[PDB]
Amino acid sequence: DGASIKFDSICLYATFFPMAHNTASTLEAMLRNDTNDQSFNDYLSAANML
Amino acid sequence: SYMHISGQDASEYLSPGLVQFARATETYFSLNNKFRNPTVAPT
Amino acid sequence: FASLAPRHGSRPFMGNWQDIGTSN
Amino acid sequence: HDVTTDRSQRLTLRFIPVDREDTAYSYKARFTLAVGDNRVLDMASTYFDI
Amino acid sequence: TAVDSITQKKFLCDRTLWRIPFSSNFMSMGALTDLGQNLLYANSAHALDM
Amino acid sequence: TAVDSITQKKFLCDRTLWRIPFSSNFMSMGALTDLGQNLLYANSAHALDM
């Protein structure tokens, strides 16, 4: 009743860093470990049941 | 002077054994309150 | 690295950091 | 020269999906994303400009 | 004048999930709880009927 | 009363200066930024056009 939706195109954009080679070549390998692996969690890690 | 108002420092007129658990396992009560802290001033 | 940041007063980088976890 | 790349890179990267599909409720977008040979990106930017 | 009528005391709360941290001392715990984090509850499983 | 239109979107932005930093990163870290006193912009003479 009234409304109709039609999007035309999807476009990717992202904010990269103009990375300094002097450190980034080490920093890329620094992340490349079993040890250095970064974990994320919510403030409220809640399980929902309806 | 023995009332900690002509003294030098706050944590030094009580017992040193009670001092330990005051900044690692204190989150159960924010306690820098029950015995008042005096401060030094130039005269 | 000590060279990596711009620091105040002729010192590269100065005070170390700590970020809090979500639950609480 | 640390934390500054004296060399040409890019900050914002644009590329449109090769196959887009319009259907009843969903609207798929599949594409090949490739980060530069010595670049990083924290995934809080990566969006869709619809 | 008085119509002898009585006032109805109440309270209203909206837009707030009411949290219970599982600890015996609920305050400032979050993750590593007192009661529902004990190594005792890692051994076996128990059902919850409310 | 259904009529047809094409919108005009425009930004308002007053009372702040258009500030841009002077580094290869292009981010003001401290007072003197990377390119402010680098290898290329240090002692030599150069003349800004627009």
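As a starting point, this report considers the structure included with it. (Residues numbered from 1 in each chain as written, not as in the entry; some residues may be left out. Chains lettered and ligands numbered in written order. Part of a larger assembly, values for the part shown. Heavy atoms only, no water. Residues with missing side-chain atoms left out of burial classes, pairs and counts.)

## Looking at the overall build of chain A
Item 1. Helices and strands together make up the secondary structure of chain A, namely one helix and one strand.
Item 2. For 50 residues, the compact-globule formula gives about 10 Å, and the C-alpha radius of gyration of chain A, at 21 Å, lies well above that figure.
Item 3. Dimensions of chain A along its principal axes, counting C-alpha atoms only, are 60 × 35 × 15 Å.
Item 4. Classification of the 50 residues of chain A by burial places 22% in the buried group. (Helix = DSSP H or I, 4+ residues; strand = E, 2+ residues; numbered from the N terminus. Rg over C-alpha atoms; globule rule 2.2 N^0.38 Å. Buried < 20%, exposed > 50% of the residue type's maximum accessible area, 1.4 Å probe, protein only.)

## Notes on the pattern of salt bridges
Item 1. This structure, assessed with the given rule, holds one salt bridge over all chains.
Item 2. Between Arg32 of chain A and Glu28 of chain A there is a salt bridge, with the nearest N and O atoms lying 3.3 Å from each other. (Salt bridge = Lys/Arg side-chain N within 4 Å of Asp/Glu carboxyl O.)

## Describing the interface of chain D and chain A
Item 1. Chain D puts 34 residues into the contact, and the matching count from chain A is 19 residues.
Item 2. Taken together, both faces of the contact between chain D and chain A bury some 2,800 Å²; the carbon and sulfur share is 63%.
Item 3. Among the residues of chain D in contact with chain A, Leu11, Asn38 and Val40 of chain D are the three that bury the most area, contributing 19% of the side total.
Item 4. For the pair chain D and chain A, the interface holds zero salt bridges.
Item 5. For the side of chain D that touches chain A, the secondary-structure elements that each account for two or more residues are β1 (19-22), β2 (27-30) and β3 (47-48) of chain D.
Item 6. Here the side of chain D that touches chain A gets three residues from one element, more than from any other, and that element is β2 of chain D.
Item 7. Of the residues assigned to the side of chain D that touches chain A, the class counts are 16 nonpolar, eight polar and ten charged.
Item 8. Where strand β1 (residues 12-13) of chain A lies against β3 of chain D, two bridges are found, and the strand directions are antiparallel. In the sheet register, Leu12 of chain A faces β3 of chain D, and the bridge partner there is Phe48 of chain D. (Contact = heavy atoms within 4.5 Å. Buried area = accessible area lost by both parts, 1.4 Å probe. Nonpolar A, V, L, I, M, F, W, Y, C, P; charged D, E, K, R; others polar. Pairing = 2+ DSSP bridges.)

## So, the arrangement of the chains
Item 1. The protein chains that touch form nine pairs of chains, and the pair with the most contacts between them is chains A and D.
Item 2. As for chain F relative to chain B, no contact occurs, and the smallest C-alpha gap between them is 34 Å.

## A few points about unusual backbone geometry
Item 1. With phi around 75°, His4 of chain B is a residue other than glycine that occupies positive phi space.
Item 2. Under the relative-accessibility criterion, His4 of chain B is labelled buried at 15%.
Item 3. Positive phi, normally seen in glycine, also occurs at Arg15 of chain E, with a value near 65°.
Item 4. A residue is classified by how much of its surface remains accessible, and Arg15 of chain E, at 90% relative accessible area, is exposed.

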